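Only one structure is covered here, and it is reproduced in the block below.
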Amino acid sequence: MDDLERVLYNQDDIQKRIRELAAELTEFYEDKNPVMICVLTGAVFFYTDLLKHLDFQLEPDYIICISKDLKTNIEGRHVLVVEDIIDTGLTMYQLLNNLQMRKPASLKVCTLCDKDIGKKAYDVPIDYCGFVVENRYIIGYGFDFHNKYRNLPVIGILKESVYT
Amino acid sequence: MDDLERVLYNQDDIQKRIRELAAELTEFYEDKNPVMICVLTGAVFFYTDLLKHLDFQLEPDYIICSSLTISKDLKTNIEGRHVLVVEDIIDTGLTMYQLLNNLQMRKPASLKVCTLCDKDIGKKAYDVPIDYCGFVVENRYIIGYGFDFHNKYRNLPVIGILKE
Ligand SMILES: Nc1nc2c(ncn2[C@@H]2O[C@H](COP(=O)(O)O)[C@@H](O)[C@H]2O)c(=O)[nH]1
C-alpha cells in the first residue's frame with residue numbers, strides 16, 4: 001500500500017462496473033452459447049468475476065499470445081475476447097486479425113481497462129470497456145509488478161520510485 | 001438455481017473457508033515464491049478467490065488436462081521451485097494421481113495439493129495426498145461456484161447437488 005501512489009478505483013467501483021458489464025453482455029449473448037476467450041494470464045481476475053454474473057450457457061477457452069491456441073473450433077461461433085488492458089492495441093489488433101480468419105459468427109472485445117494514451121497506434125474496436133485509465137503503471141486487482149500487488153482490492157498507480 | 005436438489009455450502013461458508021485456507025497457505029508459502037498452478041476451468045473461481053487473500057510474491061501458472069492428456073502445459077519451468085496444485089474436486093483420484101506423477105518428474109523443490117472439494121467415495125482408486133482441502137462432499141454430482149454440467153451452473157454462488 002505504501003508503494004501505491006493513489007487509488008483510481010476501489011472495490012465497490014470495480015464490482016459495480018462488473019455487474020453493469022455483465023448485464024450488457026447478457027443482453028447480447030444470453031441466447032448465443034458464446035465461446036468466452038480469456039487471454040492468459042492477465043485477464044483471469046476480471047474473467048472469473050464476470051463469469052460469476054453470467055447466468056447462461058457459455059464455453060470457456062483460453063489463449064496465450066500463438067503459444068497456446070484455442071481448443072474450440074470457433075467457426076460459426078459467437079466469440080468474446082476478454083482482456084485485462086489495451087495499451088497501444090498491437091496485441092489485440094493481431095489477435096482479432098488472426099481470429100477473424102477462422103470465420104466466427106461474431107467477434108467482440110471486452111477489456112477491464114483501456115489505457116488513455118490518446119490516439120492508439122492500432123484501430124481496435126472495443127465493444128465493452130470497464131474503465132479508462134491514466135497512462136501510468138497500473139497495479140492491483142490482477143495487475144502485478146514482479147508478481148506482487150495482484151491481491152490489492154483496488155486498481156491504482158505504482159509510484160515511479162518503485163520501478164525506476 | 002431451481003435445478004439444485006439442495007445447497008451444501010453457501011457463499012458465506014465458502015468465503016470463510018477460503019480465508020482459513022489462505023491463512024494456512026501463507027504459513028508455508030510466504031517466503032517461497034511458489035508457482036501456484038490452477039487446473040482450468042473448474043478451479044478458477046476458487047483459485048482467484050484464494051489469490052485475493054495471498055499477500056506475497058507468487059507466480060501463477062495454468063494447466064488444461066484430462067484423464068492423461070495435457071492440452072495446455074505449464075509455461076514455467078518448475079525445477080527447483082515450490083509448487084502448489086489448485087484443483088476443484090478429487091473424485092476417484094485418477095486425474096490428480098497422473099498429474100502429480102507428471103509434475104514430480106520435473107524435479108520441483110516441493111509439490112503439494114490444494115483442492116476445493118474431496119468427494120467422499122470411500123477408498124479411492126489412487127492414494128492421492130491432499131495437503132489442503134476446503135470441504136468433504138458427498139458422492140453426488142456437485143454443481144456451482146465453478147462446477148458446471150454441460151457448460152451451465154458455474155455462476156451459482158453456492159456448491160450444491162444437481163437434481164437427478
Ligand atoms: N462438475 C463436477 N465435476 C466433477 C465432479 N466430480 C468429479 N469431477 C471432475 O472430475 C475430475 C476428478 O475425477 P477423478 O480423476 O478424481 O475421478 C476433476 O476434473 C473434476 O473436476 C462433480 O461432482 N462435479
Those residues of the stretch B:38-61 which are more than 14 Å from the ligand (Cβ to nearest atom) and within 16 Å of A:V44 (Cα to Cα) amount to B:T48, B:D49, B:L50, B:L51, B:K52, B:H53, B:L54, B:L58, B:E59, B:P60, B:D61
Selection from the stretch B:51-76 of residues over 11 Å from A:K148 (Cα atoms), at the interface with another protein chain (Cβ under 8 Å from one of its Cβ atoms) and in a loop (DSSP other than H, G, I, E, B) yields B:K52, B:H53, B:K75
Apart from one, (1) within 14 Å of chain B (Cβ to nearest Cβ); (2) within 28 Å of B:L51 (Cα to Cα); (3) not aliphatic (A, V, I, L, M) all hold for A:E83; the odd one out is (1)
Inset, instruction - For the stretch B:98-112, state whether one or more residues are under 14 Å from the mean Cα position of the chain (by Cα), assigned to a helix (DSSP H, G or I) and more than 14 Å from chain A (Cβ to nearest Cβ). - result: yes
Expected output for the stretch A:148-164 (first residue closer than 9 Å to A:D3 by Cβ, partner β-branched (V, I, T) and assigned to a helix (DSSP H, G or I), Cβ below 9 Å, 6+ apart or cross-chain) is none
The residue that is nearest to the chain's Cα centre (by Cα), considering only those in the stretch B:79-92 that are within 14 Å of the ligand (Cβ to nearest atom) and within 27 Å of B:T26 (Cβ to Cβ), is B:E87
Counted residues in the stretch B:32-50 being surrounded by fewer than 19 Cβ atoms within 10 Å (Cβ to Cβ) and either more than 9 Å from chain A (Cβ to nearest Cβ) or part of a strand (DSSP E or B) (or both) come to 1
In the stretch A:127-164, anything over 16 Å from A:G42 (Cβ atoms) and part of a loop (DSSP other than H, G, I, E, B) is listed as A:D127, A:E134, A:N135, A:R136, A:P153, A:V154, A:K159, A:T164
For B:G122, the lone unmet condition from (1) assigned to a loop (DSSP other than H, G, I, E, B); (2) closer than 11 Å to B:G93 by Cα is (2)
Considering the stretch B:117-153, residues that are in contact with a helix residue (DSSP H, G or I) (Cβ under 6 Å, 6 or more places away or on another chain) and within 14 Å of another protein chain (Cβ to nearest Cβ), and then whichever is nearest to the ligand (Cβ to nearest atom), we arrive at B:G146
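Read the figures in this text as sums done on the coordinates, not as results from a lab. All Cβ positions, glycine included, derive from the backbone under ideal geometry; neighbour counts span all protein chains shown.
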